[PDB]
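Down below is the structure, laid out as structure tokens.
In what follows, chains are A, B, ... by sequence order, proteins preceding strands, each numbered from 1.
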Amino acid sequence: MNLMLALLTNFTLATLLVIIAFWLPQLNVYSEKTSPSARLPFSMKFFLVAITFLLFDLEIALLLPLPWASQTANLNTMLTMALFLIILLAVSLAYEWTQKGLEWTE
Amino acid sequence: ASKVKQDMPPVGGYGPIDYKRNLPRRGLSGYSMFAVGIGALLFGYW
Amino acid sequence: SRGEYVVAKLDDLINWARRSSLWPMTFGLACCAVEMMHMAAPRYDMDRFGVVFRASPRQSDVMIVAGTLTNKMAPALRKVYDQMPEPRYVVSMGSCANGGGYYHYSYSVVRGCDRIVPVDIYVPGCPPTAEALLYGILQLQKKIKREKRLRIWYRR
Amino acid sequence: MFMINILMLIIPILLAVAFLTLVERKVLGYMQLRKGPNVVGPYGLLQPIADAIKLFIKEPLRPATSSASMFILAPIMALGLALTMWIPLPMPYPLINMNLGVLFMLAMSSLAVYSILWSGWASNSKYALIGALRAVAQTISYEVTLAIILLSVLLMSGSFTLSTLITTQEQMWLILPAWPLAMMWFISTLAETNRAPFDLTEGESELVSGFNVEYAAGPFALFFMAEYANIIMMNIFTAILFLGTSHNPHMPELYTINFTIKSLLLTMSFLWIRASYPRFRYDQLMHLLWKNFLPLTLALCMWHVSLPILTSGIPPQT
Amino acid sequence: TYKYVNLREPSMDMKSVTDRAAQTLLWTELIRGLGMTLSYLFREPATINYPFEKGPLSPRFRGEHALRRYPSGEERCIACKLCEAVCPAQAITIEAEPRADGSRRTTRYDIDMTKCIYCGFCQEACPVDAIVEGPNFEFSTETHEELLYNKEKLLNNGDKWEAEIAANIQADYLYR
Ligand SMILES: CCCCCCCCCCCCCCCCCC(=O)OC[C@H](COP(=O)(O)OCCN)OC(=O)CCCCCCCCCCCCCCCCC
Ligand SMILES: CCCCCCCCCCCCCCCCCC(=O)OC[C@H](COP(=O)(O)OCCN)OC(=O)CCCCCCCCCCCCCCCCC
Ligand SMILES: CCCCCCCCCCCCO[C@@H]1O[C@H](CO)[C@@H](O[C@H]2O[C@H](CO)[C@@H](O)[C@H](O)[C@H]2O)[C@H](O)[C@H]1O
Ligand code: SF4
Ligand code: SF4
Ligand code: SF4
């Protein structure tokens, strides 16, 4: 219950601050002003950094249980598979690195 | 007669003025730094 | 507990906040911008008055026109002024911005920035000393202190 | 009673943020051979109040937003998440004692990138959106090292419980066994919060950095408060993670005093760094993450999985 | 004679290569930059407490204009118009005629202080020290019209500031 109350309170206050931040200036009654999809074009590089983040982020999901995994009796198996995951994460980086997937020059 | 008086350098000129770059050497060698850092890890590990 | 009293004290509060937190947009056009930079520098430290050095035009409360306004530049200066959120004030710094100065008779120079925007403070000099500009900024603060927006509203 | 506890956390947070703005200006001032605010209130102590009132009665900016709902959602999300990051922090006791509190903080911070994305979408400007996307790419890139570094330290702590980090450091600060991870952690927090020398949203290389450019934005104050609440929170998290304070159950206030000093000093170091260095180029800070921190962080993760096993120092699970 | 600013080839022995590796990994040269900003934090700042304290100036300072008198109170300006001829900005406008007592005196003496470049040529050209640039620099105004000085304004400035103007002239006229 407490966590729900905390989240409700935090986002309730944030909401009130936002609306009063938008209403309080209307007290001034400032004068009227009367004076002012598709590609972006998007670079492929900015798409590829986002995708690389995602795939690296998925591999991090598999590594999060490591603190618990170290409590097992089969430590040799656990350590072998833990290093296997991190190494494949390094191999993903090495492949990206050596095919110029990490460059910003056009 | 009053002598001429205008802004002039003092008799014998002014003292020396430094201008060359001076960035002093500080810290330890690379070997010493890596030794201190590795020693810190080992004590922390122990 | 009259409304005149409350409106009077509320005016003092908002006036105090606005003059105590003046964020300038310096339009550094020419030489006068150098003296403006010496007003931010350590000796005078405009930031110590609450006047932040480099503020974006979106959050600025005062535009300082520091230099000659040419015809080719006048439209861009008016555009920045029109985009400033209110309340907004303009300080004209130096002879060129005040009235054309040395270049008053030129074919390419606007003869005073007050042909383009309304000006609140005129700072004379070519250039005004950093201290002269600071004097002018403090003059604007006292002009804001004298404002009576809520008193006038209450008597409408 | 719990409702009092929440307000005794939220309100002081907003006050610390307010007066951090004053501390930043005065610390930056003295490193620049000047003073900073010392006119509005004694020693500038009223300057945060004058700025706050001034900003909230300022006219709202133009132009109009492209999406009203996203325009309003972004500041709510930024500030709502910023305050939420504080609820599991043990100081020394948390408001909410979570068994997975560290994971909660990772998860909530990964959601902070949405306010950047939504405010770019609601900016009604093509160039402002491109600026938001560069900021997002920076944020998520450095989230990778924060997660992996955090995982490496927890292999010495043994759980995801924030208050277990206190027990883990009862004898010694974790910065000694893990100073290489602390170095990269501290920089990642700078880059994560878009702080100098990683403050490219406030830099000179953006398509919208031009002064005369305009796009829908604001309110400025609410976004600013959210950002500075995260600066303090990250430095509080950094202290707990690497500079654990001893906790005496009969004198919890001593923990809080010592813990507050360490957080303040770390926060001041953010100001110290901002005064000292030029700004990174966007491609150079990407290179720093992907080609320097990440290879070293992966290697140190391998090391910290292996080290407890080979030294027979695996921590407890509970 | 010339010197090279950047033509040193780094040494490639272990001792040196490892020193550079330590700098790369341990951020030593970055830490050094932090030391410099920390040292400044503990230095006294250079800020003066304006307006209670003022930046130093000299008797030659070129500030707000003023028209001066002789000790008797007679005006010094005899409408020669050398100031108006030399003014690089054409900021001075003068008209003159015989005064009631026959004296040669101005009927108009205007300075557009928004044309003026504060060059001090007018006070160099003046043969009788009538027009001067005084020490006042704190005369900003709220309107443009207030900076168009006529003779009354300029004579008032002379009467207002003469005590200081005379002392400054006394201090520098032997350099002129
Ligand atoms: C016994 C064996 C046990 C096994 C473990 C042994 C491990 C020890 C040996 C490894 C040491 C690891 C050091 C960890 C730091 C990471 C090093 C690093 O990545 O820095 C290099 C990076 C790039 O450097 P650059 O010269 O630009 O280019 C090189 C690539 N071509 O450049 C940088 O990152 C510079 C930093 C950029 C940000 C600058 C602004 C911040 C500077 C001030 C920070 C002050 C210190 C902060 C400390 C906070 C601590 C809480
Ligand atoms: C807001 C301000 C708050 C502060 C309040 C006042 C207290 C001040 C305490 C801050 C201490 C840092 C300030 C002093 C730094 C300046 C000293 C210095 O300049 O040393 C430079 C030294 C030499 O560098 P260099 O010339 O390049 O030599 C290379 C080959 N020898 O370079 C070196 O030797 C560097 C050696 C250290 C390298 C360590 C690498 C980082 C490791 C991270 C560990 C962080 C541990 C401390 C974190 C806080 C926890 C206590
Ligand atoms: C109860 C608390 C209520 C909330 C109160 C919030 C008060 C905020 C006071 C801010 C004080 C000024 O602080 C200063 O502001 C300017 C923004 O103009 C920042 O300026 C920075 O961001 C802007 C863009 O946003 C850049 O144009 C600028 O180059 C950069 O330096 C400074 O980094 C900051 O140090
Ligand atoms: S007023 Fe003088 S100093 Fe200022 S821009 Fe014009 S010529 Fe330059
Ligand atoms: S100071 Fe120069 S520009 Fe000004 S009136 Fe005298 S001669 Fe003309
Ligand atoms: S002020 Fe001097 S130079 Fe000018 S007209 Fe008068 S006497 Fe002549």
Side-chain angles (χ1 to χ4, degrees), chain A residues 1-3 5-6 9-10 67, chain B residues 40 43-44 46, chain D residues 1-20 23 45 82-105 108 150 153-154 156-179 181-182 185-186 189 228-271 313 315-318:
Chain A
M1 292 298 308
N2 285 347
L3 177 53
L5 282 159
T9 301
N10 289 343
Chain B
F43 182 77
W46 173 84
Chain D
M1 221 62 230
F2 185 74
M3 195 54 46
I4 299 305
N5 216 332
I6 295 168
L7 295 161
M8 292 285 267
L9 180 62
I10 291 172
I11 288 159
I13 284 170
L14 297 171
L15 294 174
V17 169
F19 281 89
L20 176 56
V23 171
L45 277 172
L83 300 170
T84 299
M85 291 289 287
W86 288 70
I87 66 183
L89 292 171
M91 300 182 290
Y93 308 110
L95 179 75
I96 306 287
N97 205 326
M98 311 191 188
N99 190 45
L100 305 180
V102 167
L103 220 53
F104 175 89
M105 288 190 76
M108 290 309 97
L150 195 38
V153 168
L154 299 186
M156 303 195 271
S157 180
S159 70
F160 291 97
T161 307
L162 286 162
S163 64
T164 302
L165 285 167
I166 298 169
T167 301
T168 299
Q169 296 175 85
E170 179 162 325
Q171 318 301 322
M172 168 192 64
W173 291 345
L174 271 172
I175 195 154
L176 202 68
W179 65 262
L181 293 171
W185 168 269
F186 182 79
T189 64
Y228 274 54
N230 292 338
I231 289 165
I232 298 170
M233 176 275 306
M234 288 308 272
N235 286 296
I236 282 169
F237 194 15
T238 297
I240 291 161
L241 198 62
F242 292 109
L243 306 171
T245 301
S246 288
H247 176 201
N248 178 7
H250 290 306
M251 294 192 284
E253 322 85 27
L254 298 178
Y255 176 101
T256 308
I257 293 161
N258 290 336
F259 155 83
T260 299
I261 288 163
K262 293 166 172 169
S263 299
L264 277 170
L265 285 169
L266 288 162
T267 297
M268 297 307 107
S269 78
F270 270 42
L271 320 183
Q317 185 186 286
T318 57

* To do: Please indicate whether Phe43(B) has more than 12 foreign heavy atoms, meaning atoms of other residues, nucleotides or ligands, lying under 6.0 Å from its CZ.
  => no
* Do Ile87(D) and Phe104(D) come within less than 4.5 Å of each other through their side chains, counting heavy atoms only? -> yes
* With sequence neighbours left out, write down each residue that passes side chain to side chain contact (heavy atoms under 4.5 Å, CB included) with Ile11(D), or none if nothing qualifies. => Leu7(D), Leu15(D)
* Identify, with sequence neighbours excluded, every residue that meets side chain to side chain contact (heavy atoms under 4.5 Å, CB included) alongside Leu265(D). => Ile261(D)
* Distance (rounded to the nearest 0.5 Å) between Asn248(D) CG and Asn258(D) CG -> 11.5 Å
* Working for side-chain contact (heavy atoms from CB on, under 4.5 Å), residues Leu150(D) and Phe237(D) -> CA-CA 11 Å; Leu150(D) 195 38; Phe237(D) 194 15; 4.0 Å; yes
* Verify the neighbour count for atom CE of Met8(D): are there more than 12 heavy atoms of other residues, nucleotides or ligands below 6.0 Å? => no
* Test item: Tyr255(D) side-chain N/O and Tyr93(D) main-chain N/O as donor-acceptor pair under 3.5 Å -> no
* So do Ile13(D) and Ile232(D) actually touch side chain to side chain, heavy atoms under 4.5 Å? -> no
* **Test item: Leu89(D) and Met105(D) side chains (from C-beta on) under 4.5 Å apart, heavy atoms** => yes
* Quick one: pull up CD1 in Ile96(D) and OG1 in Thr84(D) and give me the separation to the nearest 0.5 Å. => 10.5 Å
* To do: Answer yes or no: is there a side-chain heavy-atom contact under 4.5 Å between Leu83(D) and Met233(D)?
  => no
* Rounded to the nearest 0.5 Å, how far does CG of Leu3(A) lie from CE of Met1(A)? -> 10.0 Å
For a quick test of your reading: what N or O donor-acceptor pairs under 3.5 Å do the side chains of residues 160-170 of chain D make, sequence neighbours left out?
{"from": "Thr161(D)", "atom 1": "OG1", "to": "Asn99(D)", "atom 2": "O", "distance (Å)": "2.9"}
{"from": "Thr161(D)", "atom 1": "OG1", "to": "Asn99(D)", "atom 2": "OD1", "distance (Å)": "3.3"}
{"from": "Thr164(D)", "atom 1": "OG1", "to": "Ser159(D)", "atom 2": "OG", "distance (Å)": "3.3"}
{"from": "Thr168(D)", "atom 1": "OG1", "to": "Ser157(D)", "atom 2": "OG", "distance (Å)": "3.1"}
{"from": "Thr168(D)", "atom 1": "OG1", "to": "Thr164(D)", "atom 2": "O", "distance (Å)": "2.9"}
{"from": "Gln169(D)", "atom 1": "OE1", "to": "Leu174(D)", "atom 2": "N", "distance (Å)": "2.9"}
{"from": "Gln169(D)", "atom 1": "OE1", "to": "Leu243(D)", "atom 2": "N", "distance (Å)": "3.4"}
{"from": "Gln169(D)", "atom 1": "OE1", "to": "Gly244(D)", "atom 2": "N", "distance (Å)": "2.8"}
{"from": "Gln169(D)", "atom 1": "NE2", "to": "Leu165(D)", "atom 2": "O", "distance (Å)": "3.3"}
{"from": "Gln169(D)", "atom 1": "NE2", "to": "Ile240(D)", "atom 2": "O", "distance (Å)": "2.7"}
{"from": "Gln169(D)", "atom 1": "NE2", "to": "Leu241(D)", "atom 2": "O", "distance (Å)": "3.3"}

* Structure fact -> Rounding to 0.5 Å, atoms CG (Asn230(D)) and OG1 (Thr189(D)) come to a distance of 11.0 Å
* To do: For the residue pair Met156(D) and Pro315(D), establish whether any side-chain heavy-atom pair is separated by less than 4.5 Å.
  => no
* Smallest separation among heavy atoms of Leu176(D) and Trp179(D), with atom names -> O-CD1, 3.5 Å
* Nearest 0.5 Å, what's the OG1-CG distance between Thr267(D) and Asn235(D)? -> 4.0 Å
* Side-chain contact, heavy-atom cut-off 4.5 Å: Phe270(D) with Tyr228(D)? -> no
* **Nearest non-hydrogen partners of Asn2(A) and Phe2(D), listed with the distance** => O-CE2, 3.4 Å
* Stepwise side-chain contact (heavy atoms from CB on, under 4.5 Å) test for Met91(D) and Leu9(D) -> CA-CA 11 Å; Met91(D) 300 182 290; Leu9(D) 180 62; 4.1 Å; yes
* Asked: For the atom pair CD1 (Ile6(D)) and CG (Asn10(A)), what is the distance rounded to the nearest 0.5 Å?
  -> 7.0 Å
